[PDB]
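Quick notes on the structure that follows.
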RNA sequence: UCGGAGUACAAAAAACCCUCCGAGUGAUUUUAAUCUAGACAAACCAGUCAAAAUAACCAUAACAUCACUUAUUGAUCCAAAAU
Ligand SMILES: [Mg+2]
Ligand SMILES: [Mg+2]
Ligand SMILES: [Mg+2]
Ligand SMILES: [Mg+2]
Ligand SMILES: [Mg+2]
Ligand SMILES: [Mg+2]
Ligand SMILES: [Mg+2]
Ligand SMILES: [Mg+2]
Ligand SMILES: [Mg+2]
Ligand SMILES: [Mg+2]
Ligand SMILES: [Mg+2]
Ligand SMILES: [Mg+2]
Ligand SMILES: [Mg+2]
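Residue numbers (our numbering), protein chains in the order written: chain B, 1 to 151; chain C, 1001 to 1023; chain G, 2001 to 2055; chain A, 3001 to 3162; chain S, 4001 to 4110; chain P, 5001 to 5095; chain D, 6001 to 6288; chain R, 7001 to 7052.
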């Protein structure tokens, strides 16, 4: 009941009620991205280094909270981390806290979604470890260039 | 389980050129 | 020191667990601490002698 | 023969294509003992070796223990030992042809693992031994401040009793 | 009196790891003032002619032929003045690696 | 060192030790290499880096500095954004 | 059980004539008397050691001392003015709640923590209160209205997951001593003073909604809570429609030290009464 | 043959000076050095004379 | 005070008001960075090497070189610069 000059009500007259800080602005965020309830999250606390493996699995085909071109782009690009059952799997091992591990998993998911959503992706490639691959492919098709009908 | 599912996690590659080609 | 509150599920989220209502039939009893913890401690001497003390 | 790529036995090898009793050059006319299986090197361990061994034989060798079934999609059944094979049939065949190529993982190996072999694709990696550090000293003399970081389990702050 | 400055501590210029010793990467195998031991396989040479192991392994000492750098004018002159049947020999220190480069470990079945 | 002060009768500490030394709660003492600001134009880059690096003290010097300092400097400090809070404790010391 | 009690029946009376300390408890003193401990009495031959005229500790016999040839560098420079915060693990808080040291049904304060002996604050040693760390955030399953001075981002996330309230406030040393030991202050016989505002170095910390500052804009609290929940992948509990919403939303005035009490009041504990000033100047000073 | 000690300041904008020895009978020195602030080869010119 | 050779013949160390050379820097441009394993030497203070990783030059070096190259050097504190 005590009120002073520096009280919150006098400092910010716009919000005077004691329940103004506990509201839920559902109108500000209506997209509701990353429905964590639709992601399968599993924890494995390996101790002996002490770290919490966090695995986030979700069916890429059945994930209807992103667009069809986005789903196709994730399927094309991240097929190396897609299970035989179609479940995209995200791995976190950095921090000892499952909270931070899940945060890392969600950040990776958001980054992949944004990368597949943006159409200005120029597909820039590294050169330090790609020159060897380019030379090897060059020399391999140098032998493949034989032109004789078969089959 | 699947009879072929066995992995033997200690995988040994006896190819003498394997590491040379992997650089 | 207040007596610990009764919980509907054990062990507690902090790992604390109260003793059994009937005492075991063993010919010895390890009385709990004043904070209701097991009197098992670690001790160090000379900087390299490591010991465990049951009180 | 797939020399390197057997998941279980380091000293064993896989079969991929065994054709026997080839009349002269027409290999398609000769009977095939083992149906062809495309190479399936693991994703991690790369650059496996596949060898084509050609044997010239005098007699018409006929066998039943080395014959494989029509599907022949079992890795347990596709386990081979060229030394044992040549010991069994050493009297007739003599090796005269050789053709071997290196092969690494690509985007079709996962399809081969899934559709044909009916398993989960195994993934390996080239791990390295952990860096060596001497026994930690109670008083590290003239050592940098980062000396304590060489023996830290994790870069997180642990509060034991607080 | 007439002679001054003759006092100076020894520099400990000598051999640190003998043959058969198990060394780790970076260990100083031997230090020297002039070229007495030459580095060989997996042994690097510092700016002060010291020899340090580059890989973890076992130290060995061998006697081997000496082919100098063609840009080294003094050594090239010595070689060109050597007689027909003469081949230079030097004592080289080697490190024979013990541990393998790495291992292929299974991480996950996808 | 004044083992018994004339006013309070307590034990005093020399201020030079605390002005040019830092003690971690694990017992280690941290110091700066001598001559790290002198004639830098005359020294090689490796030597300058070695001088810039922080270094520890051995058992004799640590015990000497513990004798010179009092118990106020061996206490556990929880500073706000302490650079050495991670180094305050010792881990995986098998003795 | 105690068979020693039955053994004592056969033994004679326990009196002052038969008392012995534990063996090894008192090491016997040794004097410089006799053949072995005489003849220089453990002091050595001539020099400064036998005559007791040794130099000080740091002296090395005229060589420049080790503790003086090292350059001065700022290591403890300004140590007596750095802010110190006693850490309180979420694991320790859960342990206290489970053992009943602190009741989650009431707003948890520094006074409550001190009474429950969970933390020890020494304001004379430049402690500025209690900070919250995340050392036990994985197994924290309590809904409390915590009130600390500093809070970790992960600790805040862990508490909001269960549905508590985290508020970071500032306490000047005088009010901090009063909060830590209220009964001695009430026996001191002085009116409750006002709570000093944080300095310019700590105003940004306590006026941001990301740190749940007590001087922060309450309108930005839901936005920060939603951002935290989205970052850490948990649903934000419906705190407003909780049964204990009053206890969760109770707050202290930025010039208020205790709950309910106001600056300028005198707590007469002998008569169990409160004296409130009524002078206009006194009221203006205490409410300003 | 007395030398001189000269402090050179970078011309890359950032304040970065290094000391180098130079002969007294030489003109104002100007070289190419490495500036850690910008991590590039930058022209350095003699700004001050410190030691003889 | 510092370095080289003999004393001190073959890992290291090793003294004399012992026998001899030297140093208290010059010339030139390639103006020679950060971070970090592991080591030499060492009472301490100091002195030495150095793999991997980083930004700029060949997209293949950077340890500045030579003068027997080894010595060409001075701790805190305190004073000055522009930090
Ligand atoms: Mg003890
Ligand atoms: Mg000599
Ligand atoms: Mg000497
Ligand atoms: Mg005695
Ligand atoms: Mg006595
Ligand atoms: Mg005696
Ligand atoms: Mg006598
Ligand atoms: Mg004497
Ligand atoms: Mg006498
Ligand atoms: Mg003197
Ligand atoms: Mg304290
Ligand atoms: Mg040694
Ligand atoms: Mg390198």
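Just so you know, even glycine gets a beta-carbon here, dropped at the ideal spot from N, CA and C.
Asked: Mapping DSSP to helix, strand and coil, what is residue 6146 of chain D?; Found: strand
Asked: Should residue 6178 of chain D go down as buried or exposed, given a rule of 16 or more other Cβ atoms within 10 Å for buried?; Found: buried
Asked: Here's a check: name, in chain order, each residue in its chain whose Cβ is nearer than 8 Å to the Cβ of residue 3023 of chain A, leaving out the five neighbours to either side.; Found: 3029 and 3030
Asked: With hydrogens ignored, establish whether the beta-carbon of residue 66 of chain B is closer than 7 Å to any heavy atom of ligand 1.; Found: no
Asked: Would you mind working out which of D/6194, D/6211, D/6232 and D/6187 sits nearest residue 6258 of chain D, comparing C-alpha positions?; Found: D/6194
Asked: Taking 8 Å as the threshold (beta carbon to beta carbon), is residue 1006 of chain C in contact with chain A?; Found: yes
Asked: Counting only Cβ pairs nearer than 8 Å, list the residues of chain B close to residue 3154 of chain A.; Found: 49, 50, 51 and 96
Asked: Please state whether DSSP places residue 51 of chain B in a helix, a strand or coil.; Found: strand
Asked: Spatial neighbours of residue 2031 of chain G within its chain, please: CB distance less than 8 Å, with the 5 preceding and 5 following residues excluded, ordered by chain position.; Found: 2039
Asked: Quickly, what does DSSP pair residue 3103 of chain A with across the bridge? List them, please.; Found: A/3048
Asked: So is residue 6123 of chain D in contact with chain A if we call contact Cβ pairs under 8 Å?; Found: no
Asked: Residue 6037 of chain D: beta carbon under 7 Å from a heavy atom of ligand 6?; Found: yes
Asked: List, in order along the chain, the chain A residues whose C-beta lies closer than 9 Å to that of residue 4110 of chain S?; Found: 3043, 3110, 3120, 3121, 3122 and 3123
Asked: Considering only DSSP beta bridges, list what residue 4096 of chain S is partnered with.; Found: S/4058
Asked: Taking buried to mean at least 16 other C-beta atoms within 10 Å of its own C-beta, is residue 3121 of chain A buried or exposed?; Found: buried
Asked: Give the interface partners of residue 3127 of chain A over in chain S, defined as CB-CB distance under 7 Å, in chain order.; Found: 4102, 4103 and 4105
Asked: Measuring CB to CB, does residue 6223 of chain D end up less than 8 Å from residue 119 of chain B?; Found: no
Asked: Taking the straight line between their C-alpha atoms, what separation do you get for residue 130 of chain B and residue 4041 of chain S?; Found: 30 Å
Asked: Just verifying my parser: in three-state terms, what is the DSSP assignment at residue 1002 of chain C?; Found: coil
Asked: Mark residue 3027 of chain A as exposed unless 16 or more other C-beta atoms lie within 10 angstroms of its C-beta, in which case mark it buried.; Found: exposed
Asked: Can you check whether the C-beta of residue 5058 of chain P is within less than 8 Å of a C-beta belonging to chain D?; Found: no
Asked: Below 9 Å on C-beta distance, what does residue 3090 of chain A contact in chain P?; Found: Correct list: empty, because the minimum Cβ distance to chain P is about 59 Å.
Asked: Is residue 6061 of chain D near ligand 10, with its Cβ less than 7 Å from a heavy atom?; Found: no
Asked: Any beta carbon from chain A within less than 8 Å of residue 125 of chain B's own beta carbon?; Found: no
Asked: In terms of DSSP beta bridges, what is residue 3036 of chain A paired with?; Found: Per DSSP, none; premise fails for residue 3036 of chain A.
Asked: Quick one: does the C-beta of residue 6052 of chain D sit closer than 7 Å to a heavy atom of ligand 8?; Found: no
Asked: Just to make sure I have the definition right: I need the residues of chain D whose C-beta is within less than 7 Å of the C-beta of residue 5078 of chain P. Which are they?; Found: 6084, 6085, 6086 and 6087
Asked: Say yes only if the C-beta of residue 6031 of chain D is nearer than 7 Å to one or more non-hydrogen atoms of ligand 5, and no if none qualify.; Found: yes
Asked: Which of helix, strand or coil does DSSP assign to residue 6135 of chain D?; Found: coil
Asked: Any contact between the stretch 5074-5086 of chain P and the stretch 5014-5027 of chain P? By contact I mean 3 or more CB pairs, one from each, below 8 Å.; Found: yes
Asked: Find the nearest neighbour of residue 3050 of chain A within the set C/1013, C/1008, C/1023 and C/1007, judged by alpha-carbon distance.; Found: C/1013
Asked: With distance defined between alpha-carbon atoms, name the residue in D/6135, D/6176 and D/6175 nearest to residue 6157 of chain D.; Found: D/6135
Asked: Are any of the Cβ atoms in chain C nearer than 8 Å to that of residue 3037 of chain A?; Found: no
Asked: Residues of chain A with CB under 8 Å from residue 5017 of chain P, in chain order?; Found: None at all; the shortest Cβ gap to chain A is about 17 Å.
Asked: At a CB distance below 8 Å, what residues from the stretch 4052-4065 of chain S approach chain A? Give them in sequence order.; Found: 4056
Asked: On the DSSP bridge assignment, give the partners of residue 4108 of chain S in chain order.; Found: A/3123
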